[PDB]
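Trainee: Just dropping this structure here.
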Amino acid sequence: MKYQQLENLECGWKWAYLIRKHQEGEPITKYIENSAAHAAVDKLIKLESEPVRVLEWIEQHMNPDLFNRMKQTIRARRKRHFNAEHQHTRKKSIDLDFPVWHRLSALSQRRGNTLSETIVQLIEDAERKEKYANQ
Amino acid sequence: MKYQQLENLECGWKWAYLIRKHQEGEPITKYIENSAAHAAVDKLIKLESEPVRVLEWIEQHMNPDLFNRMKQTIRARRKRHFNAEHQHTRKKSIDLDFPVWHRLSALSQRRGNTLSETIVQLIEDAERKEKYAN
Amino acid sequence: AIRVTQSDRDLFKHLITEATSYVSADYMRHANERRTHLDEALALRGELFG
Amino acid sequence: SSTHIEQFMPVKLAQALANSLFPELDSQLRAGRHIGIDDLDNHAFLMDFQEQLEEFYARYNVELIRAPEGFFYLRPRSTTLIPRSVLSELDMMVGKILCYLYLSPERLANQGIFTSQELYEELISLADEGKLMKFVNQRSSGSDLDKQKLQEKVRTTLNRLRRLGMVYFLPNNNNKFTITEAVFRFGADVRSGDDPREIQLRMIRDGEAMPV
Amino acid sequence: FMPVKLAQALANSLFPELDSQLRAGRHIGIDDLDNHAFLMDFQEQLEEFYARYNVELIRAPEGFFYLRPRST
Amino acid sequence: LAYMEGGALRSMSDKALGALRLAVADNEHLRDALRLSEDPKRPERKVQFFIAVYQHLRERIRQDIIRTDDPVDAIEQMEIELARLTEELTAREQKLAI
DNA sequence: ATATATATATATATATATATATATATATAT
DNA sequence: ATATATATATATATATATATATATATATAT
DNA sequence: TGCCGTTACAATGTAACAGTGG
DNA sequence: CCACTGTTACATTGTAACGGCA
């Protein structure tokens with residue numbers, strides 16, 4: 001375990017995720033009957049200020065589909081929350097044109113390294129050229 | 001004008017955008033009184049499936065300050081919609097670690113190029129170095 | 001009157017204590033790490049200058 | 001969504017207007033009756049939904065106003081949708097006297113229960129007997145018939161103020177009464193330590209008091 | 001709570017003036033097009049609203065509306 | 001708190017937030033401020049929220065004698081008043097019994 | 001000095017909701 | 001093969017809330 | 001200017017892989 | 001083995017800022 005797990009924060013995250021999914025129209029409940037699903041959703045809504053019971057609501061009415069997406073989303077949210085503290089640990093999102101991305105990805109799988117590592121090697125070669133021009 | 005604009009599509013986009021914003025708590029309407037805002041929002045909700053009247057609804061009840069954001073969101077939606085048809089026109093999104101991004105952007109502002117142009121030039125130089133050696 | 005005053009006092013006590021607990025801890029945490037980062041940066045600076 | 005109260009009205013205003021106390025309070029208020037701390041139920045109702053009722057009555061171009069003493073009432077505007085009226089000068093004399101009795105400790109033994117005779121005695125003690133009588137009848141010169149007429153006029157004005165809520169007759173006695181904090185409005189021209197002629201202009205500008 | 005359509009009727013901007021004129025005893029005939037139409041539309045609830053005041057909202061055979069006070 | 005480390009501070013802050021969630025559910029704008037305060041990218045928000053808390057309790061003062069606007073100060077006056085009320089209650093119940 | 005309008009209280013009748021006790025049909029023990 | 005217990009339906013009547021009408025006090029006005 | 005394309009981001013959600021410890 | 005965690009590489013949508021163009 002590298003990231004501290006906080007219960008009262010991850011529980012709130014989970015509740016918000018469930019509410020977002022439902023309001024998006026998805027069937028968070030495991031119930032096919034409309035009435036039981038509605039009752040479970042209403043109770044979940046009441047659980048707004050009690051994130052602790054959200055775990056129990058999960059164990060009682062959460063759709064079996066969502067375990068993987070849940071554990072993925074909350075894991076990623078935890079990682080991002082802990083990384084956002086410092087800039088040097090932050091991430092920057094950029095968009096690339098298809099030809100450029102195609103060439104870059106081909107180069108990276110050729111070198112067997114991540115995109116950031118490939119960019120590091122490339123920019124380092126350019127900066128090495130600049131340095132040798134300078135010395 | 002590069003992309004032709006389609007009403008039954010862009011109007012649905014606008015309706016969905018406004019509904020999303022309202023669900024997010026944004027004040028869609030210009031009415032400070034909660035009753036008029038709620039009435040207008042209900043009209044909008046029941047206004048689904050209507051371009052020619054959602055446009056009028058916007059003209060009549062729309063919040064003044066969201067016009068630009070909605071306009072640019074629709075611009076981006078249109079451009080993405082037209083570009084997502086072909087592979088060469090699509091765009092690939094990636095995440096770069098902050099130091100790497102800082103250095104790459106340093107190069108891009110220094111040279112006046114965009115990220116795509118800067119990376120293309122750098123890769124081309126790397127390829128040229130390979131060919132020099134090879 | 002007794003009920004009302006008791007509720008008010010309890011609410012005030014709880015709110016104040018919990019708000020202080022919630023905020024001051026993060027404040028101290030940040031202060032501590034800022035101190036630590038400064039300490040580390042000075043060593044880096046000295047080594048760099050040499 | 002449709003069929004939803006918030007579409008038209010705030011929830012609390014609708015709840016207040018549907019309350020059993022709303023109609024009697026509204027009828028009394030529109031009649032001009034002041035509300036004091038004694039009507040615990042009505043006073044509490046006003047406190048709870050004070051804002052809803054001020055905004056509601058604003059639709060009539062009349063301000064629901066709570067004096068600092070804590071008693072609510074209505075002040076119509078020039079464009080009032082509900083008519084407006086001004087008290088008589090004799091009404092002012094008697095109202096000022098009642099404020100004095102409310103604040104007067106000498107009569108503390110009365111314990112708040114006062115008779116019209118005592119009110120008349122205090123009034124004549126502090127006011128100008130004959131020059132005040134002049135208003136009751138232009139041809140008065142101290143005649144005891146006109147004296148009885150003035151007593152009767154004071155009784156009638158007292159009844160009217162009772163109608164306005166400034167005074168309560170006792171559950172069984174109409175010849176004895178208890179004063180209410182609303183009477184403090186009769187001192188609004190002197191509650192502020194400033195020049196009387198400026199407080200008068202301020203008040204008339206506020207619509208609080210017209211001249212004669 | 002409150003009936004929804006009753007709430008709609010009360011909120012209507014015509015309600016203050018019409019209410020004042022009714023409580024003043026005025027009779028609303030066919031000449032007052034807006035008020036008469038409003039009363040036609042929302043009678044089912046203004047009758048209840050004014051029955052809360054122990055008063056009856058009566059539509060005469062001629063058509064004009066008015067308020068009849070009860071003993072209470 | 002200077003002595004402890006980041007982990008304990010974070011854990012107890014999480015616990016305090018858990019308490020707050022209950023203590024704040026009633027309020028809407030203050031609850032919203034509490035929710036906003038959780039962003040790690042803007043720690044100052046936390047302080048802002050704290051201010052609001054005071055700016056809330058300040059208005060909950062009842063009457064003149066409790067106008068020690070410092071909320072922590074009013075506690076002692078309130079406790080004194082509770083004791084006083086205890087005595088008055090005793091007197092009133094005795095009166096009622098007789 | 002007395003006619004008249006207004007507010008208040010009481011009795012009286014209406015109408016509705018509801019609990020109680022009995023009668024009837026069926027079930028089940030002897 | 002019989003008699004007792006259950007559930008159902010019904011009228012009774014009990015109480016409440018409403019609305020009406022009359023008497024009263026009494027405050028105004030001629 | 002006012003629209004319109006365009007870029008460079010931000011925030012969150014997912015799938016997939018790699019690690020880690022029991 | 002097995003589960004849970006950390007990480008990367010996207011996608012998806014929104015936004016602000018430039019710059020082109022009538």
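Numbering starts fresh at 1 for the residues of each chain in the structure tokens, the chains themselves are lettered A, B, ... in the order given, and ligands are numbered from 1 as they appear.
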Residues of chain I within 10 Å of chain B: nearest atom pair and distance (Å, one decimal) for each, counting only C-alpha atoms (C1' of nucleotides), sorted by chain and number, as a Markdown table?
Mentor:
| residue | atom | partner | partner_atom | distance |
| --- | --- | --- | --- | --- |
| I:3 | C1' | B:1 | CA | 8.7 |
| I:4 | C1' | B:1 | CA | 6.4 |
| I:5 | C1' | B:2 | CA | 7.6 |
| I:6 | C1' | B:76 | CA | 9.2 |
| I:7 | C1' | B:114 | CA | 8.0 |
| I:8 | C1' | B:115 | CA | 9.0 |
Trainee: Among chain E, which residues carry a DSSP assignment of alpha helix (DSSP H), reported as a ChimeraX atom specification?
Mentor: /E:4-11,15-23,33-51
Trainee: Do a neighbour search on residue H:13 at 12 Å with only C-alpha atoms (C1' of nucleotides), toss out local chain neighbours closer than 5 positions, and write the hits as a list in words.
Mentor: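 Within the cut-off, the hits are residues 18, 19, 20 and 21 of chain G.
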Trainee: Would you save the residues from that selection as a PDB file, in the first residue's frame, using N, CA and C atoms (P, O5', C5', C4', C3', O3' and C1' of nucleotides)?
Mentor:
ATOM      1  P    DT G  18     -63.366   6.876  10.207  1.00  0.00           P
ATOM      2  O5'  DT G  18     -64.007   6.316  11.542  1.00  0.00           O
ATOM      3  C5'  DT G  18     -63.975   7.110  12.700  1.00  0.00           C
ATOM      4  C4'  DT G  18     -64.473   6.322  13.871  1.00  0.00           C
ATOM      5  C3'  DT G  18     -64.190   4.836  13.776  1.00  0.00           C
ATOM      6  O3'  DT G  18     -63.931   4.325  15.045  1.00  0.00           O
ATOM      7  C1'  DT G  18     -66.491   5.150  13.903  1.00  0.00           C
ATOM      8  P    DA G  19     -62.924   3.095  15.227  1.00  0.00           P
ATOM      9  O5'  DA G  19     -63.458   2.379  16.538  1.00  0.00           O
ATOM     10  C5'  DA G  19     -63.716   3.161  17.679  1.00  0.00           C
ATOM     11  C4'  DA G  19     -64.818   2.538  18.492  1.00  0.00           C
ATOM     12  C3'  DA G  19     -64.729   1.029  18.632  1.00  0.00           C
ATOM     13  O3'  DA G  19     -65.073   0.664  19.949  1.00  0.00           O
ATOM     14  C1'  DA G  19     -66.762   1.587  17.578  1.00  0.00           C
ATOM     15  P    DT G  20     -65.271  -0.873  20.347  1.00  0.00           P
ATOM     16  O5'  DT G  20     -66.842  -1.088  20.236  1.00  0.00           O
ATOM     17  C5'  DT G  20     -67.717  -0.169  20.854  1.00  0.00           C
ATOM     18  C4'  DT G  20     -69.014  -0.844  21.204  1.00  0.00           C
ATOM     19  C3'  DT G  20     -68.881  -2.304  21.559  1.00  0.00           C
ATOM     20  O3'  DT G  20     -69.873  -2.663  22.476  1.00  0.00           O
ATOM     21  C1'  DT G  20     -70.048  -2.103  19.510  1.00  0.00           C
ATOM     22  P    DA G  21     -69.777  -4.059  23.251  1.00  0.00           P
ATOM     23  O5'  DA G  21     -71.040  -4.850  22.700  1.00  0.00           O
ATOM     24  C5'  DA G  21     -72.307  -4.223  22.699  1.00  0.00           C
ATOM     25  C4'  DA G  21     -73.263  -4.963  21.793  1.00  0.00           C
ATOM     26  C3'  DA G  21     -73.182  -6.483  21.899  1.00  0.00           C
ATOM     27  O3'  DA G  21     -74.467  -7.029  22.101  1.00  0.00           O
ATOM     28  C1'  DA G  21     -72.934  -5.786  19.633  1.00  0.00           C
TER      29       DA G  21
END
Trainee: From the options B:39, B:55, B:6, B:16, which residue's atoms come nearest to chain J, counting only C-alpha atoms (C1' of nucleotides)?
Mentor: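 Among the listed residues, the smallest separation from chain J belongs to B:16.
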Trainee: When you look at residue D:72 with a cut-off of 12 Å (counting only C-alpha atoms (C1' of nucleotides)), what residues show up, excluding the ones that are within fewer than 3 positions of it in the same chain? I need them as an mmCIF file with N, CA and C atoms, in the first residue's frame.
Mentor:
data_model
loop_
_atom_site.group_PDB
_atom_site.id
_atom_site.type_symbol
_atom_site.label_atom_id
_atom_site.label_comp_id
_atom_site.auth_asym_id
_atom_site.auth_seq_id
_atom_site.Cartn_x
_atom_site.Cartn_y
_atom_site.Cartn_z
ATOM 1 N N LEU D 25 -55.226 36.101 11.037
ATOM 2 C CA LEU D 25 -54.136 37.060 11.102
ATOM 3 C C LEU D 25 -54.200 38.028 9.935
ATOM 4 N N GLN D 28 -57.180 40.494 10.344
ATOM 5 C CA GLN D 28 -56.866 41.493 11.356
ATOM 6 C C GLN D 28 -55.838 42.488 10.847
ATOM 7 N N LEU D 29 -54.788 41.984 10.208
ATOM 8 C CA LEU D 29 -53.741 42.851 9.696
ATOM 9 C C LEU D 29 -54.295 43.826 8.675
ATOM 10 N N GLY D 32 -55.912 46.624 9.973
ATOM 11 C CA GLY D 32 -55.070 47.588 10.644
ATOM 12 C C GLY D 32 -54.655 47.179 12.039
ATOM 13 N N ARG D 33 -54.924 45.941 12.438
ATOM 14 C CA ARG D 33 -54.649 45.514 13.801
ATOM 15 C C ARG D 33 -53.164 45.229 13.967
ATOM 16 N N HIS D 34 -52.590 45.768 15.036
ATOM 17 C CA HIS D 34 -51.211 45.488 15.396
ATOM 18 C C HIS D 34 -51.087 44.198 16.192
ATOM 19 N N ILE D 35 -49.929 43.559 16.048
ATOM 20 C CA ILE D 35 -49.635 42.272 16.664
ATOM 21 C C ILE D 35 -48.509 42.443 17.672
ATOM 22 N N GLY D 36 -48.777 42.057 18.920
ATOM 23 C CA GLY D 36 -47.812 42.120 19.992
ATOM 24 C C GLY D 36 -47.409 40.741 20.493
ATOM 25 N N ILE D 37 -46.546 40.758 21.506
ATOM 26 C CA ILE D 37 -46.054 39.518 22.093
ATOM 27 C C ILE D 37 -47.163 38.709 22.757
ATOM 28 N N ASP D 39 -50.242 37.805 21.775
ATOM 29 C CA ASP D 39 -50.798 36.769 20.904
ATOM 30 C C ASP D 39 -49.658 35.829 20.511
ATOM 31 N N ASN D 42 -50.015 33.857 17.166
ATOM 32 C CA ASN D 42 -49.910 34.700 15.980
ATOM 33 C C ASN D 42 -48.533 35.342 15.883
ATOM 34 N N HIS D 43 -47.990 35.789 17.012
ATOM 35 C CA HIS D 43 -46.670 36.404 17.006
ATOM 36 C C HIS D 43 -45.608 35.410 16.551
ATOM 37 N N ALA D 44 -45.671 34.182 17.067
ATOM 38 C CA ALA D 44 -44.720 33.154 16.664
ATOM 39 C C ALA D 44 -44.878 32.813 15.194
ATOM 40 N N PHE D 45 -46.119 32.737 14.724
ATOM 41 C CA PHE D 45 -46.354 32.472 13.313
ATOM 42 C C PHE D 45 -45.713 33.551 12.462
ATOM 43 N N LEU D 46 -45.884 34.809 12.863
ATOM 44 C CA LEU D 46 -45.267 35.894 12.119
ATOM 45 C C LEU D 46 -43.755 35.780 12.151
ATOM 46 N N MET D 47 -43.190 35.428 13.304
ATOM 47 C CA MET D 47 -41.739 35.319 13.376
ATOM 48 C C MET D 47 -41.236 34.245 12.421
ATOM 49 N N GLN D 50 -41.844 35.418 8.658
ATOM 50 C CA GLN D 50 -41.864 36.868 8.534
ATOM 51 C C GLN D 50 -41.505 37.302 7.119
ATOM 52 N N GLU D 51 -40.474 36.686 6.543
ATOM 53 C CA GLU D 51 -39.985 37.085 5.227
ATOM 54 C C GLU D 51 -40.981 36.734 4.138
ATOM 55 N N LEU D 53 -44.224 36.544 4.419
ATOM 56 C CA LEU D 53 -45.329 37.493 4.460
ATOM 57 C C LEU D 53 -44.925 38.896 4.013
ATOM 58 N N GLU D 54 -43.715 39.374 4.335
ATOM 59 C CA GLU D 54 -43.371 40.692 3.800
ATOM 60 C C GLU D 54 -43.344 40.664 2.283
ATOM 61 N N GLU D 63 -45.969 47.530 3.178
ATOM 62 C CA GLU D 63 -44.814 46.969 3.862
ATOM 63 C C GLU D 63 -45.250 46.352 5.183
ATOM 64 N N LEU D 64 -44.974 45.063 5.350
ATOM 65 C CA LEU D 64 -45.067 44.429 6.655
ATOM 66 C C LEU D 64 -43.828 44.793 7.460
ATOM 67 N N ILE D 65 -44.022 45.551 8.530
ATOM 68 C CA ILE D 65 -42.941 46.193 9.257
ATOM 69 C C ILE D 65 -42.964 45.686 10.687
ATOM 70 N N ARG D 66 -41.793 45.326 11.191
ATOM 71 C CA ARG D 66 -41.615 44.914 12.575
ATOM 72 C C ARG D 66 -40.847 46.015 13.283
ATOM 73 N N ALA D 67 -41.505 46.691 14.214
ATOM 74 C CA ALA D 67 -40.823 47.707 14.982
ATOM 75 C C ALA D 67 -39.804 47.051 15.908
ATOM 76 N N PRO D 68 -38.781 47.800 16.332
ATOM 77 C CA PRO D 68 -37.750 47.194 17.186
ATOM 78 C C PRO D 68 -38.320 46.594 18.449
ATOM 79 N N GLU D 69 -39.452 47.110 18.923
ATOM 80 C CA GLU D 69 -40.082 46.544 20.103
ATOM 81 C C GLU D 69 -40.556 45.119 19.855
ATOM 82 N N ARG D 75 -47.717 49.091 6.835
ATOM 83 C CA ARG D 75 -47.692 50.484 6.400
ATOM 84 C C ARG D 75 -47.991 50.504 4.907
ATOM 85 N N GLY D 165 -55.707 46.772 18.293
ATOM 86 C CA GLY D 165 -54.812 45.935 19.060
ATOM 87 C C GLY D 165 -53.896 46.657 20.022
ATOM 88 N N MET D 166 -53.959 47.986 20.095
ATOM 89 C CA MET D 166 -53.123 48.703 21.050
ATOM 90 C C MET D 166 -53.527 48.457 22.499
ATOM 91 N N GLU D 181 -47.531 46.504 23.811
ATOM 92 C CA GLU D 181 -46.299 47.174 23.397
ATOM 93 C C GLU D 181 -46.460 47.961 22.103
ATOM 94 N N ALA D 182 -47.512 47.688 21.335
ATOM 95 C CA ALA D 182 -47.735 48.410 20.088
ATOM 96 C C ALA D 182 -47.784 49.914 20.315
ATOM 97 N N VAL D 183 -48.251 50.341 21.490
ATOM 98 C CA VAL D 183 -48.366 51.760 21.798
ATOM 99 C C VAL D 183 -47.053 52.487 21.591
ATOM 100 N N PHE D 184 -45.934 51.766 21.585
ATOM 101 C CA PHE D 184 -44.654 52.429 21.402
ATOM 102 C C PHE D 184 -44.593 53.214 20.102
ATOM 103 N N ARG D 185 -45.378 52.836 19.090
ATOM 104 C CA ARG D 185 -45.331 53.601 17.849
ATOM 105 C C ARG D 185 -45.704 55.061 18.078
#
